[PDB]
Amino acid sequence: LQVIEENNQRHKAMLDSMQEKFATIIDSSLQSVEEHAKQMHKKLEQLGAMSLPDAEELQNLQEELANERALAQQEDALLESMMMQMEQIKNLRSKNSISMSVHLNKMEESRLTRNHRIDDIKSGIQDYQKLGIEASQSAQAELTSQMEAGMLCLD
């Protein structure tokens, strides 16, 4: 009669043995979510950590790329510097060389003059010789003219 409760008690026992199997499955799925979130955010943090070292390299490459441009800078200035001096020397050389071509032609000009002056001293001596021969002949004349006039009488 009253043991109709006994059917209820096993039926009610069927829920509390069920609510437990059910709660434990939901709780083992929520636990499975917050677990995955742990494992990932871990591997994400380590991956995001790579960024600072990658930015280091980029900054160095950036710096090394600057050093390069400053070395190219130094080179242009050098070249232009040592070219300008090379040019100034080139002109001094030139100036010098034009000066030498002048003194050489002034010595060729002198060599030719020495010649006209040497030649005319030869000519001057030959003149003296010529006048010495003419003198000799003249004296041989005045001499024999005194001898011719050493006569007396007659005829």
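Numbers follow the displayed sequence, beginning with 1.
Q: Compare the mean C-alpha B-factor of 9 to 17 with that of 128 to 136 as given in the PDB entry, and name the stretch with the higher value.
A: Result of the comparison: 9 to 17.
Q: Going by the B-factors listed in the PDB entry, is the mean over the C-alpha atoms higher for 99 to 107 or for 22 to 30?
A: Stretch with the greater average CA B-factor: 22 to 30.
Q: Taking the Cα B-factors listed in the entry, which of 90, 69, 116, 41 comes out highest?
A: Largest recorded C-alpha B-factor: 41.
Q: Ordered by C-alpha B-factor within the chain, which third holds residue 64? Give me lowest, middle or highest, please.
A: Tercile = lowest for this residue's CA B-factor.
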